[PDB]
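Engineer: sequence first, structure after, both from an experimental entry:
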Amino acid sequence: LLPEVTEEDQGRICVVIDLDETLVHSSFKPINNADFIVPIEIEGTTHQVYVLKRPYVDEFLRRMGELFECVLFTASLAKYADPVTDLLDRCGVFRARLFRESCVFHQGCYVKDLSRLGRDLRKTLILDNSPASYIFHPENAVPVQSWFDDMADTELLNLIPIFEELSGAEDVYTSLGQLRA
Ligand SMILES: [Mg+2]
């Protein structure tokens, strides 16, 4: 599902990161406030999508790129997720981008089956505001609050030390256990 790990990612934990409401929040409603506007052609017609970036996402993503092998894994469709991530990931942090079709369908949910990834699950984390994405691996999860438009959010700032603590772990199940301890 994922390309072979690179030379530089060699010993790194693999962190799977969701897009909508975790890193960004999108809408069809025009706003003046928006960080990006992306044209998406819908059933062959063209819809402006207005995207707000979550506070600190740029610095959060940069640090993560220094510490982990970062993957984007979203249940949204590529035609949306690729341009939005292209503009969001202004430093090239994501090694891979997986979309709706790499998810499994579980009666109406799209689950991110971490075991299809080709990485040691003892060295994999998932960051996602929907517990339904991680039905099969809640023990690898680092939950995060949904975000929409709150400019005073500091959740990604709060989480940086957390991942800083985790980044050298040999088994995430032990580490998350001691973090929660
Ligand atoms: Mg989400």
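Structural biologist: Arrived safely. Residues are numbered from 1 along each chain as shown.
Engineer: ok, now which ones touch residue 42?
Structural biologist: Counting by CB atoms under 8 Å, 6 or more residues apart in numbering, residue 42 touches no other residue. Using the backbone N, CA and C atoms, a C-beta is placed for each residue, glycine as well.
Engineer: longest strand anywhere in the protein?
Structural biologist: Assignment by DSSP state E gives strand 45-53 as the longest strand of the chain.
Engineer: what is the helix or strand encompassing residue 163 packed up against?
Structural biologist: Using DSSP states H and E, residue 163 sits in helix 155-166. Secondary-structure packing of helix 155-166 (3 or more CB pairs under 8 Å, 6 or more residues apart in numbering; DSSP states H and E): helix 57-67, strand 141-143, helix 172-179.
Engineer: coming back round to it: show me what the longest strand of the chain is packed against.
Structural biologist: strand 24-27, strand 36-42, helix 78-88.
Engineer: enumerate the residues of the protein near the ion.
Structural biologist: When proximity is defined as CB under 5 Å from the ion, the chain approaches the ion at 18, 20, 21, 129, 130.
Engineer: which one of those residues sits closest to residue 167?
Structural biologist: Looking at these and their distance to residue 167, the nearest is residue 18, at 19.3 Å (CB to CB).
Engineer: now for that closest one, how many residues are close by?
Structural biologist: Number of residues near residue 18 (other CB atoms under 10 Å) recorded here: 22.
Engineer: so it touches residue 129, yeah?
Structural biologist: Yes. Contact criterion CB atoms under 8 Å: residue 18 and residue 129 qualify, at 6.7 Å.
Engineer: joint contacts of those two?
Structural biologist: With contacts taken as CB under 8 Å, 6+ apart, residue 18 and residue 129 have no neighbour in common.
Engineer: pull out the buried residues from stretch 54-64.
Structural biologist: 54, 55, 56, 57, 58, 60, 61, 63, 64 (16 or more other CB atoms under 10 Å).
Engineer: hmm, who's touching that stretch?
Structural biologist: With CB under 8 Å, 6+ apart as the test, stretch 54-64 has contacts from 15, 17, 22-25, 70, 88-91, 93, 147, 151-157, 159-160, 163-164.
Engineer: and with 6 Å instead?
Structural biologist: By CB atoms under 6 Å, 6 or more residues apart in numbering, the list of residues contacting stretch 54-64 from outside reads 23, 70, 91, 93, 147, 153, 156, 157, 160.
Engineer: ok, now stretch 9-24?
Structural biologist: 51, 53-54, 57, 68-74, 76, 119, 123-129, 144, 146-147.
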